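Position 29 of the sequence shown, counted from 1, bears residue number 29 in PDB author numbering, the numbering being contiguous throughout.
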Amino acid sequence: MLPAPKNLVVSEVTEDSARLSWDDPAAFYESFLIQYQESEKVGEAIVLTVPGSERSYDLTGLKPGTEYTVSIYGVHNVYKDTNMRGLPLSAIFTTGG
């Protein structure tokens, strides 16, 4: 199974933002996919693509005092235009007031 990135750290949590940090120690993945959603909501997930050079990302436009679930996936181009995603690295956090 294609591995999850490692060591998701959520920091700088404000009323409307949070910083995500992760590691890809082998620098295997060509890009990452970040998916985040209000924990209580269904079918309202936001999906961001980020270049494989990155190890951090600032979530913005979040609602205050709200719990979010976030997952980060590595994306690997296995053949032609077929992309495989590995296992998720996930966290749950709540924004401030």
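Every residue, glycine too, gets a C-beta built ideally from N, C-alpha and C.
Query                                                                                                                     : Result
Return the CA-CA distance between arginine 55 and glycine 65, expressed in angstroms with no decimal places.              : 26 Å
In this structure, how does DSSP classify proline 51 when only helix, strand and coil are distinguished?                  : strand
Identify the residues that DSSP records as bridge partners of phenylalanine 93: which are they?                           : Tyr68
Taking the CB atoms as reference points, tell me whether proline 5 and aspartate 23 lie closer together than 9 Å.         : yes
Please report the straight-line C-alpha distance between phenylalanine 28 and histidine 76, rounded to a whole angstrom.  : 8 Å
Can you tell which of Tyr79, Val78, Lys63 and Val42 has the C-alpha that lies nearest to the C-alpha of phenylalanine 93? : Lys63
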